[PDB]
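Residue numbers (PDB author numbering), protein chains in the order written: chain B, 1 to 129; chain A, 1 to 129; chain C, 1 to 129; chain C', 1 to 129; chain A', 1 to 129; chain B', 1 to 129. A prime marks a further copy of an entry chain.
6 protein chains.
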Amino acid sequence: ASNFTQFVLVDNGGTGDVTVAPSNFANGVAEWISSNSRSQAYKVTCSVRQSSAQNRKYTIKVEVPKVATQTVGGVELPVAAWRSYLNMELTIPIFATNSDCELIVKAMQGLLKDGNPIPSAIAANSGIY
Amino acid sequence: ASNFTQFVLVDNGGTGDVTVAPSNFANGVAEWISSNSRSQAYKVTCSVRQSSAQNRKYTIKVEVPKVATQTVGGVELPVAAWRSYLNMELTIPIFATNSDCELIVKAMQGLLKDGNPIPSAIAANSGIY
Amino acid sequence: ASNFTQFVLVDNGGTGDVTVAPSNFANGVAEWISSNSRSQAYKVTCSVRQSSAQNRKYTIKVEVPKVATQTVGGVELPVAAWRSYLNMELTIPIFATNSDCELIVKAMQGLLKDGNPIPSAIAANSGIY
Amino acid sequence: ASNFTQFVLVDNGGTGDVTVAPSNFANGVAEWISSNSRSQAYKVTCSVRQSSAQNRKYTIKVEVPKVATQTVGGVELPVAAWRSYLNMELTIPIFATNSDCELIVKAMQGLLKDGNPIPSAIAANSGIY
Amino acid sequence: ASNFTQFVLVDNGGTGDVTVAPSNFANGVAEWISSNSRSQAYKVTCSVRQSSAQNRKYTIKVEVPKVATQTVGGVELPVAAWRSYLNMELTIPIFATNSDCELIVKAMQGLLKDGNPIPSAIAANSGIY
Amino acid sequence: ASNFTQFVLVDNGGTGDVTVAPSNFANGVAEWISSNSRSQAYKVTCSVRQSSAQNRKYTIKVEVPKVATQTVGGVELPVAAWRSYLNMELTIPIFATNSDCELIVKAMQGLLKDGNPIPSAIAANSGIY
């Protein structure tokens with residue numbers, strides 16, 4: 001069941017979608033990037049290992065470019081002002097079955113579903129109030 | 001209106017859905033828990049802070065329990081056999097607009113969407129290859 | 001093309017086969033793991049290195065679990081009652097051609113072919129008699 | 001009945017097979033040797049012992065020669081230019097049944113089956129890629 | 001689709017072409033080798049890393065052997081009389097777009113094109129004058 | 001056989017080609033540049049020497065400007081953000097003949113030929129996957 005394929009990272013209704021495609025598999029770490037320069041591209045990485053005696057840990061990183069007032073192909077500095085970073089670590093005990101892992105995935109999807117407090121706060125440049 | 005509202009963490013189609021409701025805002029950490037004992041409850045937390053002069057960081061955590069009944073000293077108690085922990089750290093520059101933040105949210109949603117490589121690998125107890 | 005793919009480790013006809021899938025490639029050690037619970041999963045690893053100026057060395061390991069349920073204090077977990085461990089080391093001089101390597105592989109396959117003394121002894125809980 | 005018999009180590013169709021024959025059983029180590037010159041012969045050994053109170057351990061070794069003629073000072077001798085060495089150790093708990101042992105054997109056979117990653121890598125003078 | 005595929009390193013017009021095929025990806029270094037013994041094989045390696053915060057560096061290496069047969073202790077072995085080593089280091093800023101990288105590739109191709117000064121000098125065992 | 005002449009570094013089908021012409025021969029090091037400012041020009045350098053007792057080494061350097069969003073004739077800073085560097089060293093044993101050197105040149109051309117993994121990865125801002 002090979003799964004290292006391109007996918008739509010940002011869905012805009014079919015027109016203007018952001019697709020990321022495989023770009024590196026060194027050290028077993030899967031990497032996707034969009035069709036941009038490295039400084040302006042969307043980037044996704046994922047790897048999994050045995051973190052402890054009874055846990056496995058998925059390490060997932062996503063980089064998102066700032067698009068407002070962007071100059072496509074230009075040199076934008078400082079780097080920290082134009083990019084957002086997501087560092088996500090999912091720790092799963094070795095006892096969890098496929099059904100348990102499906103439940104965990106559903107939990108993450110519900111956490112980030114549109115209209116829910118966490119995505120609403122992030123999208124509104126706000127905290128919890 | 002306040003964004004600190006209850007939401008469906010795990011959507012099973014209307015029956016058996018896991019709902020978490022606001023439970024604490026002490027020390028600046030927003031907390032949600034399911035309607036269970038603290039030993040067996042689902043948990044969601046979220047906080048935001050000025051990580052540096054020009055960046056803001058969201059810290060989001062979710063706990064998924066595997067419930068069980070444990071006999072301790074001849075008495076049965078509701079416990080969790082194990083818990084799966086999700087830890088998310090999201091750093092956003094202060095220069096990001098609302099549209100940029102919406103792009104970040106859509107990126108995360110597309111990352112965790114059903115059928116995509118990372119959720120498929122997590123549900124299948126496997127890495128990316 | 002790529003040989004870091006999933007393959008059938010145990011061929012139980014057409015139904016009930018044990019398939020292992022790539023999970024990790026850290027430190028140049030390829031690792032395959034079967035699906036469902038990690039505590040009960042099969043494991044295969046392989047790595048190759050230049051052991052001396054004139055020799056290359058393969059290190060191959062396989063773990064076969066006996067699946068069982070553990071119940072301690074009323075809490076049930078999926079575990080391996082015990083595991084069987086295979087450790088293989090194969091040394092091949094740099095002078096060996098592809099034909100020589102194919103001959104070595106055929107030698108190993110004939111070593112483990114059904115009806116031969118060593119697989120018969122292993123399958124019968126017996127030694128050489 | 002007896003498993004200390006001659007068997008085909010390398011199956012080159014029907015003509016040119018490499019057969020090894022019993023030669024020695026000293027110190028509980030069974031040894032097979034192919035015919036013609038000992039300096040150029042194939043070698044297979046196998047022994048089993050109680051490694052711990054709960055484990056039995058098989059030690060299996062195979063030597064594959066590269067046949068050549070050595071000429072020193074005008075005197076010609078049949079020698080092995082070099083040898084490939086396989087060392088296998090398999091540990092099986094005393095609790096394993098005959099069915100469990102057959103499963104272990106099938107696991108090894110599937111490990112070395114043609115088209116699988118590890119035999120392909122060995123036969124192609126290659127690692128995992 | 002994966003870009004880790006075999007390719008013709010030396011094009012002789014269809015007969016006698018030197019082909020290298022993927023052979024290893026351990027430790028993040030992609031390796032290609034020709035269908036020969038390791039002692040006499042052609043070799044290509046390639047790796048990429050974040051050399052600094054704003055630059056990426058490709059490290060590309062090629063080995064061209066001059067094959068021979070050496071008598072060692074009265075036994076003839078396949079060796080390389082000598083090897084020619086090519087070492088390429090290519091540093092690219094993260095701000096470079098795909099078109100910029102295509103310009104880099106075209107520059108290298110034009111640099112090594114038949115009839116040009118540098119390849120003519122290399123083929124003629126001479127410098128530039 | 002004088003060979004220090006201008007050549008097409010980047011071929012764009014005859015229109016828009018990038019030509020580099022001789023610009024310096026100090027210290028015996030041949031240098032080519034395009035018709036630009038030194039900060040924005042293509043630059044090629046080449047020299048050869050006896051590197052060791054049994055090896056000669058060609059040292060070849062190429063500088064490529066970032067063209068996307070370029071301001072022709074402008075002051076672009078930092079320098080490291082607008083230029084890519086190739087450092088290529090070819091080591092050839094003193095025993096190699098003209099035919100061997102032609103083979104080495106063919107190897108380099110095949111390495112960098114369009115459609116092959118290394119140029120594809122470089123042009124796609126990607127590694128090996």
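Using N, Cα and C, we set each Cβ at its ideal position, and we do this for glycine too.
Residue i versus residue j - alpha carbon distance
i          : j          : result
B:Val-48   : A':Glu-76  : 48 Å
B':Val-72  : B:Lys-61   : 38 Å
C':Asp-17  : C:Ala-96   : 20 Å
C':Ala-121 : A':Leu-112 : 34 Å
C':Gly-74  : A':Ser-2   : 55 Å
C:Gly-110  : C':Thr-45  : 14 Å
A:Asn-36   : A:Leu-86   : 20 Å
C:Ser-126  : C':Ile-92  : 11 Å
C:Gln-54   : C':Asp-114 : 27 Å
C':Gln-70  : C':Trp-82  : 12 Å
C':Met-108 : C':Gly-13  : 22 Å
B:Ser-84   : C:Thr-15   : 47 Å
Assigned exposure category for residue i - 16 Cβ within 10 Å defines buried
i                       : result
residue 137 of chain A' : Nothing in the structure corresponds to residue 137 of chain A', since chain A' is present only between 1 and 129.
B:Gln-40                : buried
B:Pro-78                : exposed
A':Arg-38               : buried
A':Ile-94               : buried
B:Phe-7                 : buried
A:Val-29                : exposed
8 Å Cβ cutoff met for residue i and residue j
i          : j          : result
B':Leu-103 : A':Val-20  : no
B':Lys-106 : A':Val-10  : yes
A':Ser-51  : A':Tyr-42  : no
A':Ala-123 : B':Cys-101 : yes
C':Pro-117 : C:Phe-4    : yes
Proximity test, residue i beta-carbon vs the ligand SAH heavy atom, cut-off 7 Å
i        : result
B':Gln-6 : No copy of the ligand SAH appears in this structure; indeed no ligand is present at all.
Residue from the options whose Cα sits closest to the Cα of residue i
i          : options                         : result
B':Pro-119 : A':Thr-15, A':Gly-14, A':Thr-59 : A':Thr-59
8 Å contact criterion, which residue i and residue j should meet: CB distance rounded
i        : j        : result
A:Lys-57 : A:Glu-89 : 6 Å
B:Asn-98 : C:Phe-25 : The Cβ separation is near 23 Å, so there is no contact.
Closer than 7 Å between beta carbons: that is the criterion. Which residues of the region 46-77 of chain C' meet it against chain E?
Given the protein chain composition of this structure (B, A, C, C', A' and B'), no chain E is represented.
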